[PDB]
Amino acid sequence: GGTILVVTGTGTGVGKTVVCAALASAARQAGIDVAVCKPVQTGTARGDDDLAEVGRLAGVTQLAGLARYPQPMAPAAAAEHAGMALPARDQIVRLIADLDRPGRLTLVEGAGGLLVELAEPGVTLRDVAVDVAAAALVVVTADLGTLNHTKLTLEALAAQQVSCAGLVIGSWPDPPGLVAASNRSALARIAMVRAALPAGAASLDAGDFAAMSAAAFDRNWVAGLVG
């Protein structure tokens, strides 16, 4: 196949979707075929659609979804609230493998953080990553609290020998405060910081977003993700 990357985060609202779109665009500009896949999407009763936003910002046409639940809640709660069940483990894995092909970067965006349940019983994105031999790109914040959350996530990735492809800061303030700078430097000491997306990256239009995306990431690391 090609290269599968799960895109998780330290928590919710940390920028997984905008990092997905931003990495997708940077890879597309390097001539890499990109698919983005969102096995579990909650919050549809308020218009959340990460697949839609990713296409909107990065022009990905190859967008695969699976489970959709209305309430803006954890996959497990939003399912119970809807009278619905979670997908099964081998259904998510099937969705990804069916996208996987050589020369393609397939991004699997999670729901919330790494240990959120996506399938019964206690199946997480980390388990999926094992099942499909994917590295995890961890979306982190610059805010106070990020250092503990990142260290936890990395440990949880290592506990199952899921390789960390590095961190992305979902929102980088212009200009940075004392904490923001301190965190960025400390983050860089615990893992590679693949990029620091500028604050407001998601309000950009197509071309602004594609330029931001091309600048955000090291061209040579992006190009190196897919042979």
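The first residue of the sequence shown is number 1, and the count goes up from there.
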According to the deposited model, is the average Cα temperature factor higher in 195-203 or in 157-165? 195-203
Mean temperature factor over C-alpha atoms, higher-scoring stretch between 170-178 and 32-40: 170-178
Between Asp131, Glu117, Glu109, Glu80, which one tops the list for Cα B-factor in this entry? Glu80
Sorting the chain's modelled residues by C-alpha B-factor and splitting them into thirds places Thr10 in the lowest
Test of reading the entry: by CA B factor among the chain's modelled residues, which third contains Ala76? middle
Quick check for you: using the entry's CA B-factors within this chain, is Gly113 in the lowest, middle or highest third? lowest
Using only modelled residues of the chain, where does the Cα B factor of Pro70 rank: lowest third, middle third or highest third? middle
Would you check the entry's CA temperature factor for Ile4 and let me know if it's in the chain's lowest, middle or highest third? lowest
